[PDB]
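For reference, the structure is listed below as structure tokens.
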Amino acid sequence: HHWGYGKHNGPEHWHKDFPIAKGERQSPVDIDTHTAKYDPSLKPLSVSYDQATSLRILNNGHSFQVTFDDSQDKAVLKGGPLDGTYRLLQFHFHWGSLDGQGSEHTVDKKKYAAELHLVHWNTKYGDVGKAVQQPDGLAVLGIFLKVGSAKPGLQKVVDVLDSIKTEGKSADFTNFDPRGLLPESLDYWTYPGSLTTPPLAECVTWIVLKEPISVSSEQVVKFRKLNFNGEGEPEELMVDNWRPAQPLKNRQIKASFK
Ligand SMILES: NS(=O)(=O)C(F)(F)C(F)(F)C(F)(F)C(F)(F)F
Ligand SMILES: [Zn+2]
């Protein structure tokens with residue numbers, strides 16, 4: 001069993017290969033808005049994506065991702081709850097089979113149709129492999145998707161998905177500007193957590209934006225036409241590629257806003 005999202009290899013099985021799945025700082029979590037504490041010491045988030053260089057778009061059999069040149073400080077996250085500078089490596093999404101599920105984080109138990117993760121690593125560790133071994137190695141910016149109006153800045157992504165249908169396919173994907181995926185407000189919740197896929201390392205400062213973006217039904221339908229399987233294997237729609245909320249345990253979720 002390679003891990004996945006199915007009955008026999010999904011999230012409830014992951015602890016067998018990755019025992020940290022039952023750890024003290026696992027992600028995602030439910031964000032209980034009434035118990036999150038406003039922290040006036042939290043700084044505004046600094047998102048500097050003007051010089052981003054996208055490279056490729058890839059179906060990895062679990063999601064699709066857009067990868068960036070992370071060999072220089074071109075697209076960086078700073079400020080917020082963070083110390084130092086975090087380079088953008090990639091973004092990807094989690095989504096559902098229907099609009100009432102798909103997000104990893106939840107808000108007062110509400111599930112969104114999808115969740116966008118912009119993955120960044122701390123430059124003090126030099127490379128992402130080293131960063132995942134550190135408790136402050138990664139910063140993932142999470143953005144909820146609800147279904148309504150289209151997000152124009154997402155359309156270039158969805159229009160190429162037919163070229164990466166099955167696991168193992170990739171395409172050139174240059175000049176994509178991730179600023180077109182961001183909501184108006186950068187108000188956020190933050191807490192210490194983990195990767196939400198294997199190896200589930202406890203290396204992430206999570207930053208989850210309060211404001212969702214809206215995407216159209218046609219845009220999310222194109223996500224749902226992707227396949228978990230490789231070409232030639234039985235077709236299994238890439239849907240419900242989300243890990244459920246995990247126990248908060250001894251953690252405090254902090255809000256940047258009142
Ligand atoms: N969902 S998530 O924690 O962003 C993640 F996909 F697991 C991930 F962090 F991006 C990751 F895949 F583990 C990696 F960091 F390797 F990119
Ligand atoms: Zn993710």
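Chain labels follow the order of the structure tokens: the first chain is A, the next B, and so on; residue numbering restarts at 1 in every chain, and ligands are counted from 1 in their shown order.
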**Asked** How would you write, as a PyMOL selection string, the set of residues in stretch 15-85 of chain A that DSSP gives as strand (DSSP E)?
**Response** chain A and resi 30-31+37-38+45-48+54-59+64-68+76-79
Okay, now the selection with N, CA, C and O atoms, as a short mmCIF file (atom, residue, chain, number, x, y, z; two decimals), in the first residue's frame?
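part-v5.cif, freshly written:
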```cif
data_model
loop_
_atom_site.label_atom_id
_atom_site.label_comp_id
_atom_site.auth_asym_id
_atom_site.auth_seq_id
_atom_site.Cartn_x
_atom_site.Cartn_y
_atom_site.Cartn_z
N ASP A 30 -9.83 21.77 13.16
CA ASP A 30 -10.97 22.67 13.20
C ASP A 30 -10.56 23.96 13.90
O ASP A 30 -9.95 23.94 14.98
N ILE A 31 -10.90 25.08 13.29
CA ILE A 31 -10.66 26.41 13.85
C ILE A 31 -11.96 26.84 14.52
O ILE A 31 -12.93 27.18 13.85
N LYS A 37 -7.67 32.99 20.01
CA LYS A 37 -7.43 34.26 20.67
C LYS A 37 -6.84 35.30 19.77
O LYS A 37 -5.83 35.07 19.13
N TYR A 38 -7.45 36.48 19.79
CA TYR A 38 -6.86 37.63 19.12
C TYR A 38 -5.54 37.96 19.77
O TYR A 38 -5.47 38.11 21.01
N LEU A 45 0.75 39.91 7.62
CA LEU A 45 1.48 39.02 6.78
C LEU A 45 2.09 39.82 5.60
O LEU A 45 1.43 40.69 5.05
N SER A 46 3.33 39.50 5.23
CA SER A 46 3.99 40.12 4.07
C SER A 46 4.11 39.07 2.99
O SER A 46 4.86 38.11 3.11
N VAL A 47 3.36 39.27 1.92
CA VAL A 47 3.35 38.37 0.77
C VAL A 47 4.01 39.14 -0.37
O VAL A 47 3.47 40.15 -0.81
N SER A 48 5.17 38.69 -0.84
CA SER A 48 5.91 39.37 -1.90
C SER A 48 6.07 38.42 -3.06
O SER A 48 7.03 37.66 -3.10
N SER A 54 6.91 30.82 -11.96
CA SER A 54 6.36 29.48 -12.05
C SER A 54 7.12 28.68 -13.10
O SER A 54 7.62 29.25 -14.09
N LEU A 55 7.20 27.37 -12.89
CA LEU A 55 7.94 26.49 -13.79
C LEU A 55 7.07 25.45 -14.47
O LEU A 55 7.05 25.37 -15.69
N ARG A 56 6.41 24.61 -13.67
CA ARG A 56 5.72 23.45 -14.19
C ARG A 56 4.43 23.26 -13.41
O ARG A 56 4.26 23.76 -12.29
N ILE A 57 3.51 22.51 -14.02
CA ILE A 57 2.31 22.02 -13.35
C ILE A 57 2.37 20.51 -13.47
O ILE A 57 2.67 19.97 -14.53
N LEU A 58 2.03 19.82 -12.37
CA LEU A 58 2.29 18.38 -12.23
C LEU A 58 1.08 17.70 -11.54
O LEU A 58 0.61 18.23 -10.53
N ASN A 59 0.65 16.52 -12.03
CA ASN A 59 -0.29 15.61 -11.28
C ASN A 59 0.56 14.58 -10.57
O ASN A 59 1.21 13.76 -11.24
N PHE A 64 -2.72 18.23 -7.77
CA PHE A 64 -1.85 18.83 -8.76
C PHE A 64 -1.15 20.00 -8.10
O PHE A 64 -1.68 20.65 -7.21
N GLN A 65 0.05 20.28 -8.59
CA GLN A 65 0.81 21.38 -8.06
C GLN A 65 1.43 22.21 -9.15
O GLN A 65 1.77 21.73 -10.21
N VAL A 66 1.54 23.49 -8.83
CA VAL A 66 2.30 24.43 -9.65
C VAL A 66 3.60 24.73 -8.89
O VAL A 66 3.55 25.16 -7.73
N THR A 67 4.73 24.46 -9.53
CA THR A 67 6.04 24.63 -8.91
C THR A 67 6.70 25.89 -9.34
O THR A 67 6.52 26.33 -10.47
N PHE A 68 7.48 26.47 -8.43
CA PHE A 68 8.17 27.74 -8.64
C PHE A 68 9.66 27.57 -8.49
O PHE A 68 10.13 26.65 -7.85
N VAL A 76 8.32 35.40 -1.73
CA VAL A 76 8.57 35.11 -0.32
C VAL A 76 7.46 35.56 0.58
O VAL A 76 6.73 36.52 0.28
N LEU A 77 7.31 34.82 1.67
CA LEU A 77 6.42 35.12 2.75
C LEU A 77 7.27 35.48 3.96
O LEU A 77 8.24 34.79 4.29
N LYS A 78 6.87 36.55 4.64
CA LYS A 78 7.54 37.06 5.84
C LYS A 78 6.47 37.67 6.73
O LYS A 78 5.29 37.76 6.37
N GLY A 79 6.89 38.11 7.89
CA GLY A 79 5.99 38.77 8.79
C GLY A 79 4.94 37.83 9.35
O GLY A 79 5.17 36.63 9.51
#
```
Looking only at the backbone, which of the residues in stretch 119-192 of chain A does DSSP tag as helix (DSSP H, G or I), as a compact mmCIF listing (two decimals) with N, CA and C atoms, in the first residue's frame?
```txt
# COMPACT_ATOMS: atom_id res chain seq x y z
N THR A 123 14.36 29.99 4.61
CA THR A 123 15.66 30.06 3.92
C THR A 123 16.83 29.77 4.83
N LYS A 124 16.66 29.90 6.16
CA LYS A 124 17.76 29.60 7.06
C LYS A 124 18.19 28.14 6.99
N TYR A 125 17.33 27.26 6.51
CA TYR A 125 17.63 25.83 6.37
C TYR A 125 18.11 25.45 4.97
N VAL A 128 14.36 22.59 1.10
CA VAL A 128 13.10 22.13 1.67
C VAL A 128 13.26 20.82 2.44
N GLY A 129 14.15 19.94 2.00
CA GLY A 129 14.36 18.66 2.69
C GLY A 129 14.91 18.85 4.10
N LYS A 130 15.79 19.83 4.26
CA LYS A 130 16.30 20.17 5.57
C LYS A 130 15.22 20.86 6.39
N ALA A 131 14.46 21.75 5.75
CA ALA A 131 13.42 22.49 6.44
C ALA A 131 12.35 21.59 7.05
N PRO A 152 -11.10 34.80 -11.77
CA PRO A 152 -10.42 34.89 -13.08
C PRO A 152 -8.98 34.43 -13.07
N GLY A 153 -8.28 34.71 -11.98
CA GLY A 153 -6.87 34.36 -11.88
C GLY A 153 -6.60 32.87 -11.72
N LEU A 154 -7.63 32.05 -11.50
CA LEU A 154 -7.52 30.61 -11.49
C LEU A 154 -7.68 29.99 -12.87
N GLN A 155 -8.23 30.72 -13.84
CA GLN A 155 -8.61 30.09 -15.08
C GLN A 155 -7.43 29.51 -15.84
N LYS A 156 -6.26 30.17 -15.84
CA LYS A 156 -5.11 29.63 -16.55
C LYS A 156 -4.72 28.26 -16.01
N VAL A 157 -4.90 28.04 -14.71
CA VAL A 157 -4.63 26.74 -14.09
C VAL A 157 -5.65 25.71 -14.60
N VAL A 158 -6.93 26.02 -14.45
CA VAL A 158 -7.90 25.00 -14.80
C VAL A 158 -7.86 24.64 -16.28
N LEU A 161 -5.51 21.62 -17.03
CA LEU A 161 -5.64 20.37 -16.31
C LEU A 161 -5.90 19.17 -17.21
N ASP A 162 -6.54 19.36 -18.36
CA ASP A 162 -6.74 18.24 -19.27
C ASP A 162 -5.42 17.66 -19.79
N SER A 163 -4.33 18.43 -19.71
CA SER A 163 -3.01 17.96 -20.13
C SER A 163 -2.24 17.17 -19.07
N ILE A 164 -2.76 17.16 -17.84
CA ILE A 164 -2.13 16.44 -16.74
C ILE A 164 -3.16 15.53 -16.02
N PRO A 178 0.66 34.06 -8.87
CA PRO A 178 -0.19 33.59 -7.78
C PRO A 178 -0.91 34.70 -7.04
N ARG A 179 -0.57 35.97 -7.29
CA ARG A 179 -1.33 37.04 -6.67
C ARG A 179 -2.79 36.99 -7.09
N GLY A 180 -3.08 36.44 -8.26
CA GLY A 180 -4.46 36.36 -8.70
C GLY A 180 -5.31 35.31 -8.00
N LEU A 181 -4.74 34.60 -7.02
CA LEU A 181 -5.47 33.62 -6.23
C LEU A 181 -5.80 34.13 -4.82
```
**Request:** Could the residues that lie within 12 Å of ligand 2, counting only C-alpha atoms and all ligand atoms, be listed as an NGL selection string?
**Result:** :A and (27-28 or 62-65 or 90-95 or 102-105 or 114-120 or 139-144 or 194-198 or 200 or 204 or 206 or 208 or 241-244)
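Using only C-alpha atoms for every distance, the candidate list A:257, A:228, A:176, A:188 yields A:176 as the residue closest to residue A:52.
For the choices A:236, A:127, A:172, A:187, the atom-to-atom distance to ligand 1 is smallest for A:127 when using only C-alpha atoms and all ligand atoms.
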**Message:** Please list as a ChimeraX atom specification every residue within 7 Å of residue A:215, counting only C-alpha atoms and excluding residues in the same chain fewer than 5 positions away.
**Reply:** /A:145-151
**Request:** Determine, counting only C-alpha atoms, which protein, DNA and RNA residues have an atom within 12 Å of an atom of residue A:14; residues of the same chain fewer than 4 positions away are not included. Present the result as a list in words.
**Result:** residues 1, 2, 3, 4, 5, 6, 7, 8, 9, 10, 18, 19, 20, 21, 22, 196, 197, 198, 199, 200 and 243 of chain A
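Atom to atom, atom CA of residue A:32 and atom CA of residue A:220 stand 26.4 Å apart.
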**Prompt:** Which neighbours of residue A:238 fall inside 6 Å, counting only C-alpha atoms, when residues of the same chain fewer than 2 positions from it are skipped, and could you give them as a ChimeraX atom specification?
**Reply:** /A:224,226-228
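With distances restricted to only C-alpha atoms and all ligand atoms, A:201 is the closest residue to ligand 1 from A:201, A:160, A:113, A:75.
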For residue A:253, find every residue with an atom within 8 Å (counting only C-alpha atoms), except residues of its own chain fewer than 6 positions away, and show them as a short mmCIF file (atom, residue, chain, number, x, y, z; two decimals) with N, CA and C atoms, in the first residue's frame.
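Below you can see around.cif, which holds the result:
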```cif
data_model
loop_
_atom_site.label_atom_id
_atom_site.label_comp_id
_atom_site.auth_asym_id
_atom_site.auth_seq_id
_atom_site.Cartn_x
_atom_site.Cartn_y
_atom_site.Cartn_z
N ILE A 31 -10.90 25.08 13.29
CA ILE A 31 -10.66 26.41 13.85
C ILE A 31 -11.96 26.84 14.52
N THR A 35 -12.98 30.44 20.31
CA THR A 35 -11.86 30.16 21.20
C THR A 35 -10.48 30.56 20.70
N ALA A 36 -10.35 30.86 19.42
CA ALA A 36 -9.12 31.41 18.92
C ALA A 36 -8.90 32.73 19.62
N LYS A 37 -7.67 32.99 20.01
CA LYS A 37 -7.43 34.26 20.67
C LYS A 37 -6.84 35.30 19.77
N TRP A 189 -5.71 33.21 10.84
CA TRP A 189 -5.46 32.39 12.02
C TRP A 189 -4.12 31.69 11.85
N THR A 190 -3.44 31.43 12.97
CA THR A 190 -2.18 30.71 12.90
C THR A 190 -2.02 29.73 14.05
N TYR A 191 -1.35 28.62 13.79
CA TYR A 191 -1.05 27.64 14.82
C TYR A 191 0.09 26.77 14.32
#
```
**Asked** Of the candidates A:34, A:254, A:111, A:15, which shows the shortest atom-to-atom distance to residue A:192, using only C-alpha atoms?
**Response** A:254
**Message:** For residue A:249, find every residue with an atom within 8 Å (counting only C-alpha atoms), except residues of its own chain fewer than 2 positions away, and show them as a ChimeraX atom specification.
**Reply:** /A:24-25,247,251
